[PDB]
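Next comes just one chain, in structure tokens: the form deposited in one PDB entry.
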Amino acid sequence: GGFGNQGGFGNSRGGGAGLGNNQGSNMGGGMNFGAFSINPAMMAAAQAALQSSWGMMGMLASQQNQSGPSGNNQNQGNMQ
């Protein structure tokens, strides 16, 4: 019942793996995630823009504006 509720996860002998119950939100743009593993190796590189939105009885006569990244330089070295 009600409005906009979200239940719990991983309880009462929890188990499994994943991503769940996201409303109006953003996940990424250069990110690594590792749990319960042996000798993981991960590389990520991103040039990105992300925009998101959720509205109930709302988001009315409104506005959301974004200009992306422009004109940058970046250097990351080695890992031996």
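Residues that one form lacks are left out of the comparison. C-alpha atoms forming the largest set that superposes within 1.5 Å between two forms make up the rigid core. In case it trips you up, residue 1 is the first one in the sequence shown, and so on.
Note that the form deposited in another entry isn't included here; everything after this is about it.
Compared between this form and the one not shown on the core, the listed residues 11, 67, 63, 72 keep their C-alpha shifts below 2 Å, save 11.
Note: the CA-CA distance for residue 37 and residue 10 contracts in the other entry relative to this form, by 3 angstroms or more. The pair residue 10 and residue 26 is at least 3 angstroms farther apart at the CA level in the other entry than in the present model.
In sequence order, the one region between this form and the one not shown where at least three consecutive C-alphas each move 2 angstroms or more after rigid core superposition is 1 to 15.
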